[PDB]
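# quick one, structure for this:
(chains A, B, C, D, E, F, G, H, I, J and K, ligands or ions: 14)
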Amino acid sequence: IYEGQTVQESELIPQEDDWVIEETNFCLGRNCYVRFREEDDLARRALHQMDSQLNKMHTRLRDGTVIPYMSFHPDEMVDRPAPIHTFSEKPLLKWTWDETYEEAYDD
Amino acid sequence: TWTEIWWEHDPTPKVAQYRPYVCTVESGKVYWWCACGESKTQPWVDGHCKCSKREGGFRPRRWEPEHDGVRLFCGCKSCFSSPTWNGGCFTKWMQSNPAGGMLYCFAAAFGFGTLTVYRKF
Amino acid sequence: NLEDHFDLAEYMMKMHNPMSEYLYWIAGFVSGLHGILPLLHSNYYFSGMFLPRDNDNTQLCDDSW
Amino acid sequence: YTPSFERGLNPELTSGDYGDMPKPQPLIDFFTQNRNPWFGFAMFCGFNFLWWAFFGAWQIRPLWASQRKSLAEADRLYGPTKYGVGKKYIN
Amino acid sequence: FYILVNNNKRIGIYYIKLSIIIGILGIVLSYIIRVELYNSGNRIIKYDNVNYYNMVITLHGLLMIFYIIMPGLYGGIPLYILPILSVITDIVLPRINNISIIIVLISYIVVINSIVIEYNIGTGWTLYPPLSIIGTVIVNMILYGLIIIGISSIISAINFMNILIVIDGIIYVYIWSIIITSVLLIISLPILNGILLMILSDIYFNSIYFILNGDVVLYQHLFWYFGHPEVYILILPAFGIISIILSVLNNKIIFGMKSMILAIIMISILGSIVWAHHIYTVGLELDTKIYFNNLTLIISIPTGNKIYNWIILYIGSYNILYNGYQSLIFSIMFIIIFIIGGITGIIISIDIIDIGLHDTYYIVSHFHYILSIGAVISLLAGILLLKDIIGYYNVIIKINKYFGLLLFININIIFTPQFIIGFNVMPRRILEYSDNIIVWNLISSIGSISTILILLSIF
Amino acid sequence: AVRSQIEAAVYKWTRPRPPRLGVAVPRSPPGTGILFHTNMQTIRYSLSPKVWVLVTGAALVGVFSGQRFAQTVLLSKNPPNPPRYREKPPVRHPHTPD
Amino acid sequence: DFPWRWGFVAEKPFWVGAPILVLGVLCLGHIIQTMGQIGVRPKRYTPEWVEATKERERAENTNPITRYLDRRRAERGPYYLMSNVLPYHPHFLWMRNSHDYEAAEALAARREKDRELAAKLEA
Amino acid sequence: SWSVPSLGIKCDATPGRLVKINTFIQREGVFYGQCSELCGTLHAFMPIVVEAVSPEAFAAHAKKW
Amino acid sequence: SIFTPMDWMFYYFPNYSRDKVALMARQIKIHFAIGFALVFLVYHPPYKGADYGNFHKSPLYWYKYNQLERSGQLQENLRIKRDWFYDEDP
Amino acid sequence: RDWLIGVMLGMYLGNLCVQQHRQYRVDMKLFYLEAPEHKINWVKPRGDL
Amino acid sequence: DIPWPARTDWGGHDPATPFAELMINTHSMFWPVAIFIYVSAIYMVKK
Ligand SMILES: CCCCCCCCCCCCCCCCCC(=O)OC[C@H](COP(=O)([O-])OCC(O)COP(=O)([O-])OC[C@@H](COC(=O)CCCCCCCCCCCCCCCCC)OC(=O)CCCCCCCCCCCCCCCCC)OC(=O)CCCCCCCCCCCCCCCCC
Ligand SMILES: CCCCCCCCCCCCCCCCCC(=O)OC[C@H](COP(=O)([O-])OCC(O)COP(=O)([O-])OC[C@@H](COC(=O)CCCCCCCCCCCCCCCCC)OC(=O)CCCCCCCCCCCCCCCCC)OC(=O)CCCCCCCCCCCCCCCCC
Ligand SMILES: CCCCCCCCCCCCCCCCCC(=O)OC[C@H](COP(=O)([O-])OCC(O)COP(=O)([O-])OC[C@@H](COC(=O)CCCCCCCCCCCCCCCCC)OC(=O)CCCCCCCCCCCCCCCCC)OC(=O)CCCCCCCCCCCCCCCCC
Ligand SMILES: CCCCCCCCCCCCCCCCCC(=O)OC[C@H](COP(=O)([O-])OCC(O)COP(=O)([O-])OC[C@@H](COC(=O)CCCCCCCCCCCCCCCCC)OC(=O)CCCCCCCCCCCCCCCCC)OC(=O)CCCCCCCCCCCCCCCCC
Ligand SMILES: CCCCCCCCCCCCCCCCCC(=O)OC[C@H](COP(=O)([O-])OCC(O)COP(=O)([O-])OC[C@@H](COC(=O)CCCCCCCCCCCCCCCCC)OC(=O)CCCCCCCCCCCCCCCCC)OC(=O)CCCCCCCCCCCCCCCCC
Ligand code: HEA
Ligand code: HEA
Ligand code: CUA
Ligand SMILES: [O-][O-]
Ligand SMILES: [Cu+2]
Ligand SMILES: [K+]
Ligand SMILES: [Mg+2]
Ligand SMILES: [Zn+2]
Ligand SMILES: [Zn+2]
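Residues are numbered from 1 along each chain as shown, chains lettered A, B, ... in the order given. Ligands and ions are numbered 1, 2, ... in the order given. Below, you will see the structure:
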């Protein structure tokens, strides 16, 4: 069964005595029904909807990396509402292994 | 007992009261709940406790009611549904005074057994 | 085109003509009538009344109404 | 209804200046919801549905008094003989 | 276009839309029944028109199963998200997907037209001969609908099985539920078609299979060989939805994924060999009855494992997250309701207990708790979970605690009394009844009128 | 007076010992204090095994002790059934044709 | 963003509105179904017919085990039956003064004939 | 289907099957039942009434009828 | 294995359970034989199991039987409490 | 561990129905032997109407 | 024998044959198990 990543004792040693877990808010903000503008026509309302996607949002950490919106299933990865053609580029399921080949490295 | 014997890196509160605090709350207003048990305006942060000063990992707990009414608020500072009360105050008391917990649970169980048996029989 | 990105773009962008919704509700209403109208027609055909009076097939008191 | 100020088990922890924040109250207020008459009406209400769900509607009994009496007489005069506490029940 | 569209997501919407439309007729038929059963004596159906009541129950059962719940759970949600849950773009067989929904509509039009034009008589949704083969042409029309519906079901099953070839990700639990349901259709549908043809042969080709020296019980075996897999075909997609909702809304990985998958597989295998618990009262051999009774109880073992795995998904979830969302409430309500329906199923699995409870309203309540509450609520829960993806609006259902509470209270009022009535005893498929069963029937009737009113509040 | 002595005795005996972890985790570096905050998702407060048993055991005694109390005090035993005497049945069924 | 009906309902506390709605919906359902049977007075629910059923039950000794079990349960503890307190038919509202006078005369005549037969049987 | 709930009997009356049911009545009485298989227009109007009497009473009744 | 958590099987019998695929097959085969054996060895055998004179009496049976036999309860329990229908009316 | 509470709660509530069934069987054994509700030579055939 | 108003009759009522008693006893035998299954599961439906 999965019980999280394994941690070694040395990995828990801080480089400063004042380090504490970062208090970054992972609440993306306050939302409601997407509110369109009467002036926007069909094309521009589509742009408005595409700019309100929660799955395009993320939280930036203190080192510049971002933790994105993540889901257990790919149903939450398409634009909401679902467009006619969703996965133009095949989603990549990344597996990890310890195998390696010499061609990838250079000395 | 998570803070007491399992994990030593989370802030550990002081029990203000082993009973919930009853308070009237209003919809559309935000309330701040003391998570250290040292505020003098319980169950709310007073501006001088650890939560107000952001000391030792203690921070105020934001809360907002959906509707107006009277709600129960945790005094033990460890209820699972904190700031709201769900009975954890009694549970945490039994940990501190297990002999007392036996008396209450026996009495409560005794009443439940009598009523249920009397009606069904 | 941007207009074609979303399926049923007019409805999803909240510009659709309300008549589409009315037809959907009307279609549902007509479907419901297929249970009520034949009931009335069949009752009249075999009895001559659209609907019975409650307990009219049983013996009733003199003052029953 | 201008509820009272319950100091609590430790009065020192309720001794500060509350400002506009609400002050703790007696536990009876929670059960009455500050004597909201509609909570009390919705309360009287709660007991009626419960009663109907487990015992039936006993609000129809005043109208059923006369016809229940006739049923009781019929059982006693013509129904099968009851014994002991069984006489208390009429079908 | 509107009819020429092959997009699977559009077709998924059409399945949901069509099920709601047909649902109204099913609800109307259901409402006609409870109004009539309010008290002894005719209320809305003449004594001289009792044949109509038999048609109402026959259509109520048929429409709700084949035209409402099955398209909703097996055609609607799967066609929308299944290609998305898989990493593929669209359904494998786009043109077949289009014709399947059109076929469902045409069969519906044939059925309702038969109500209007043909004489109205009924033989139950199970169409037991010889009663089914001595009836009027309305029975012929209903057979055409079922056969036509069978074509759509099988081709849709073929469509989903092809996902195994093209799936570019992991087979999630939900995908397994649809795949195994397709397998059940593939193995059970051809048997159904064969026996239905025999019914047509007797009705229309002067066949003598269902007259003396021809065993009428032969039909019951072949029908229920498909009949029980059908109920498991209805519910298995509901299980898949519950697994997704509970995991997603609690931010918890599905526990025992392989146990869940194997439970679904086990149920299908067992569900295909227990059909004869519908035939306890016909007088089967002693050893035959013992076998089916024993294997029927075994179905609870895999079904129980899924229940417990669901419970641990909800346990321990973060308190800060708001738990009043309608989708979450419905998913939790399903566990509570399904357990009631399943436990009563185990009670009526014991054949000696079933002797008293066969053809009684206890059986009605059994399958209503599972289907009318559980399956509907699962379908509602799934649609609510996908509200943002689907994009429908103009309803107040996402956060509506009144609707959830009122629905739960009132549906329980309809069907809990029917358990009690079963021991009293009141037979099924009956219009009149003895005066001493009125109280319980009256309470359920009040429940039925109340539920219909609640539906108007969502708009 | 006696209550205080028994209360102290149970309190001392029930103080939990450190758990025997059934999971592989590292040792926290020495001198590491509080690193998280109180806005973390609340972790349920669970009783220690000894306290849970004592409290749970008391409830079991209570519920069954209450059951015995009801059966012996609140409820009553059936008296012997009334004697069965030979009675006259009705002369005719009320629907017998005359 | 919501119509008046929802803005009104959603403003109140859930446990204030919810119990009222549950009772209100049930009351409306009962009222709606009672509309079609105002003043309907079947003879089988009149006092005369009720007595005749009791006579039949005595002759047929109907449900002797329930009557025995009810007595046994009552002797042991608190036993409450809905049938004891509640009406068994919905037409009780209109049948306060309803009677079948033809049955009354016939039932009285049969009872008189039965008394004669009983005396003859005693011999 | 021939159902008499008090006697614990519910046996389907199927054409072509002469099913056998055995019973032993312990107390006198009249036991009511109803057909328990949908059979047509008047499925609800074919009740089953069985009256159990003393063996001496039955012998006299059988001889007379 | 029967009624056995397979984690115990993995731990205490590593070599035997080294091939998991083969282990799964044995699990199916073993339980298939049990089901087959029950029908033909427990249910089927004709004209057997009717020796009602040889009812098994476990030690718990004798403990309770002797306890009641020592007192008068066993005699009182077996006594027929009533053998007449009507009571005499005084 | 908490699940054990549900097991104990289910066992107790289940045991309530065991006691009711236990008393029911005792009552039934006394019906044909002692209960005056049980009557013989009582029901007479009605005859055809 | 005959249905009576507002009766639960849980498991059956008024047996007249030894087989009828068997049907009622079988249901009563399993009824407490059914309660145990329901109560044990439902008690854990919570966060
Ligand atoms: C002292 C009190 C009495 C004790 C009695 C003891 C009995 C023996 C049990 C073993 C000993 C227990 C001792 C525990 C010591 C404490 C240990 C501990 O760790 O404590 C801290 C620990 C956790 O502390 P914490 O972490 O700080 O959090 C504390 C919080 O308070 C959070 O607490 P929580 O989350 O644990 O909350 C528990 C809650 C959680 O529960 C839920 O969340 C439930 C959610 C779903 C609700 C579903 C509702 C029902 C749906 C019905 C469907 C149909 C609808 C019909 C509608 C009709 C129209 C209206 O559980 C319940 O509500 C109980 C549900 C039980 C099943 C209900 C169904 C009963 C059916 C019975 C058969 C019916 C047959 C009918 C026959 C005919 C009529 C008679 O707390 C506990 O352990 C608390 C335990 C208390 C449980 C009491 C439950 C009593 C229920 C009685 C039911 C009676 C039924 C009567 C009818 C019977 C007929 C046959
Ligand atoms: C179970 C219930 C409770 C459910 C609760 C839970 C629900 C949860 C939510 C579920 C949501 C699922 C997902 C939803 C996704 C929606 C996507 C969407 O909107 O797609 C866009 C789609 C189309 O939008 P669009 O893209 O703008 O389309 C543009 C058109 O393609 C092009 O525009 P156009 O204007 O060119 O259109 C052409 C138009 C041309 O229009 C016109 O020319 C109209 C002229 C006016 C006609 C009006 C009707 C007149 C009727 C007269 C009756 C007289 C009776 C006299 C009686 C006398 C008695 C004495 O029509 C036609 O030419 C063909 C019409 C054929 C279809 C309509 C058939 C009507 C019934 C016919 C019955 C015939 C019976 C014969 C029987 C004879 C037997 C022998 O929307 C719709 O189609 C409407 C959908 C509305 C519902 C949306 C969902 C809302 C949430 C649910 C609400 C509750 C519903 C409850 C059921 C209904 C209850 C009644
Ligand atoms: C039969 C009487 C009928 C009376 C009429 C009906 C009156 C209305 C009652 C409405 C109650 C609603 C309660 C809230 C929903 C429950 C959700 C929940 O549990 O989560 C809360 C909370 C979870 O955290 P949260 O986030 O704060 O809550 C989320 C809410 O869901 C968020 O939901 P929200 O946004 O809607 O906010 C709701 C909020 C605000 O809630 C309210 O506004 C409700 C305030 C309490 C009102 C209670 C009035 C009781 C009146 C009784 C009258 C009796 C006499 C009747 C006539 C008899 C004639 C013979 O709730 C709270 O603040 C939670 C408070 C904890 C639950 C308290 C429930 C029990 C109240 C006491 C009942 C006493 C009944 C005695 C019966 C005696 C019969 C002779 O913690 C728990 O789960 C609480 C654990 C359970 C504690 C209470 C234990 C039961 C009380 C003692 C036994 C009483 C029965 C004795 C029988 C004796 C017979 C001889
Ligand atoms: C060797 C021998 C040789 C012999 C040679 C002999 C040859 C014989 C030939 C035999 C074959 C004849 C037929 C050939 C068909 C050709 C197809 C083709 O190529 O079409 C291209 C052609 C392209 O059209 P276009 O010329 O480019 O113009 C199209 C428009 O400009 C705009 O484009 P569009 O496609 O968007 O517009 C179409 C659509 C646009 O309008 C809309 O869609 C309106 C907006 C939607 C409103 C909401 C509707 C409700 C929601 C439905 C959800 C599920 C939808 C499922 C998918 C659609 C299924 C139809 O409106 C309609 O067509 C009507 C839509 C009807 C929707 C029905 C939904 C369910 C209704 C439930 C009724 C409940 C009441 C029960 C009682 C009544 C029962 C009937 O196809 C069409 O668009 C028209 C198709 C029309 C034929 C439909 C025939 C249906 C027959 C049904 C069975 C009736 C029998 C029983 C009668 C009972 C009466 C009571
Ligand atoms: C004395 C006699 C001795 C006889 C000896 C005979 C020896 C025969 C040797 C047979 C060896 C088979 C070798 C091939 C293995 C399968 C490989 C495979 O399919 O490759 C994927 C391949 C696609 O290639 P791919 O790109 O590698 O796929 C990537 C994955 O999609 C991406 O997925 P992923 O990477 O996330 O996961 C990988 C894997 C994930 O799944 C697995 O790895 C599953 C592994 C277990 C499979 C079962 C093995 C057998 C277990 C023992 C059973 C013993 C029973 C003994 C009973 C004895 C009674 C006397 O995915 C799949 O396997 C997908 C296909 C699953 C199809 C399942 C269809 C339902 C069958 C029932 C399920 C099995 C239940 C077993 C029992 C459970 C209870 C204990 O699939 C296809 O080509 C799909 C074709 C679809 C055709 C459907 C229409 C067929 C006609 C249907 C007729 C009616 C059928 C009725 C069935 C009833 C069922 C209850
Ligand atoms: C979705 C629909 C659905 C589902 C899932 C089920 C599921 C089950 N059904 Fe049901 N059934 C129907 C729909 C359904 N049924 C219909 C429609 C009829 C009537 C058809 C007609 O006559 O017209 C019917 C009829 C029916 C009959 C009577 C047939 C007759 O004689 O008329 C029986 C008898 O055993 C039965 C049994 C079962 C069982 C044992 C399950 C099991 O799958 C249930 C298993 C679930 C549980 C047991 C609860 C969960 C498990 C636990 C909580 C823990 C483990 C529990 C135990 C070990 C007891 N069903
Ligand atoms: C899915 C199947 C389904 C559903 C939902 C229902 C729903 C209901 N059914 Fe049932 N019913 C059957 C299938 C179903 N039924 C079957 C198969 C039979 C046996 C047939 C026979 O006897 O041969 C039967 C029999 C049956 C009888 C017995 C008839 C008789 O023997 O005389 C009765 C009596 O009241 C009844 C009542 C009801 C009621 C009051 C509702 C509902 O009102 C309950 C509450 C539901 C609502 C208020 C509507 C909710 C909305 C939907 C269900 C649609 C949702 C659609 C989408 C989400 C797309 N049903
Ligand atoms: Cu005969 Cu029904
Ligand atoms: O069918 O269960
Ligand atoms: Cu089945
Ligand atoms: K009626
Ligand atoms: Mg049948
Ligand atoms: Zn503080
Ligand atoms: Zn607390």
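
# taking chain H, what residue is nearest to ligand 12?
Taking Cβ to the ion, ligand 12 has its nearest neighbour within chain H at residue H:37, 4.6 Å off. The way it works is simple: take the backbone N, C-alpha and C, and place the C-beta from them, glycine included.

# what's the answer for chain D, then?
Sorted by distance to ligand 12 under Cβ to the ion, the residues of chain D start with residue D:91, at 30.5 Å.

# got a list of what that residue touches?
For residue D:91, the set of contacting residues under the criterion of Cβ atoms under 8 Å, 6 or more residues apart in numbering or on different chains consists of D:75, D:79, G:83, K:4, K:5.

# 6 Å instead, please
Applying Cβ atoms under 6 Å, 6 or more residues apart in numbering or on different chains, we find residue D:91 in contact with G:83, K:4.

# now it: which helix or strand?
Assigning secondary structure by DSSP states H and E places residue D:91 outside every helix and strand.

# if I look at it, how far off is chain C?
In this structure, residue D:91 lies at 21 Å from chain C, with Cβ to the nearest Cβ, to the nearest Å as the measure.

# about what we covered before: in which helix or strand would I find the residue of chain H closest to ligand 12?
Using DSSP H and E, no helix or strand contains residue H:37.

# distance-wise, check it relative to chain A.
Using Cβ to the nearest Cβ, we find residue H:37 at a distance of 47 Å from chain A.

# surely that residue touches residue H:2?
No: look at residue H:37 against residue H:2 with Cβ atoms under 6 Å: they stay out of range, at 9.3 Å.

# looking at these two, which has the bigger crowd around it?
Using other Cβ atoms under 10 Å in any protein chain shown as the criterion, residue H:37 and residue H:2 rank with residue H:37 on top: 22 against 19.

# can you show me the CA trace of stretch A:86-99 as CSV?
Output for stretch A:86-99, consisting of C-alpha atoms alone and laid out as CSV, is shown next (Å, rounded to 0.1, in the frame of the first residue of the first chain):
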residue,chain,number,x,y,z
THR,A,86,-10.2,17.8,-26.0
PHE,A,87,-6.9,15.9,-26.2
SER,A,88,-5.3,17.2,-29.4
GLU,A,89,-1.9,16.2,-28.0
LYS,A,90,-1.9,12.8,-26.2
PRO,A,91,-1.7,13.2,-22.4
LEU,A,92,1.5,11.7,-21.1
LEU,A,93,1.4,9.3,-18.2
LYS,A,94,4.9,9.5,-16.7
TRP,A,95,6.3,6.3,-15.3
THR,A,96,9.6,6.1,-13.4
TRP,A,97,12.2,3.4,-13.4
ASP,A,98,15.9,3.1,-12.4
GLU,A,99,17.0,2.0,-15.9
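
# ok, it near chain E or not?
Yes: applying Cβ under 6 Å from any Cβ of the partner chain, one finds stretch A:86-99 touching chain E at A:87, A:91, A:93.

# from chain A, which residue is nearest to ligand 4?
Each residue of chain A has a distance to ligand 4, by Cβ to the nearest ligand atom, and the smallest belongs to residue A:84, at 15.3 Å.

# now that residue. Nearest residue, chain neighbours left out?
Leaving aside its sequence neighbours, residue A:84 sits nearest to residue C:7 (Cβ to Cβ, 6 or more residues apart in numbering or on different chains; 4.8 Å).

# just to revisit the earlier point, what sits against the residue of chain H closest to ligand 12?
By Cβ under 6 Å, 6+ apart, the residues touching residue H:37 are H:1, H:12.

# what does residue H:27 give?
Contacts of residue H:27 were listed using Cβ under 6 Å, 6+ apart, and they are residue K:16.

# how near is residue J:27 to residue G:77?
Applying Cβ to Cβ, to the nearest Å, one obtains 14 Å for the distance of residue J:27 from residue G:77.

# quick check: next helix or strand after whichever helix in chain D runs longest?
As far as residue count goes, and with DSSP state H defining each element, the longest helix of chain D is helix D:37-55. In the C-terminal direction, the helix or strand that comes right after helix D:37-55 (DSSP H and E) is helix D:65-78.

# in chain G, what residue comes closest to ligand 6?
For chain G, the nearest residue to ligand 6 under the criterion Cβ to the nearest ligand atom is residue G:29, separated by 25.9 Å.
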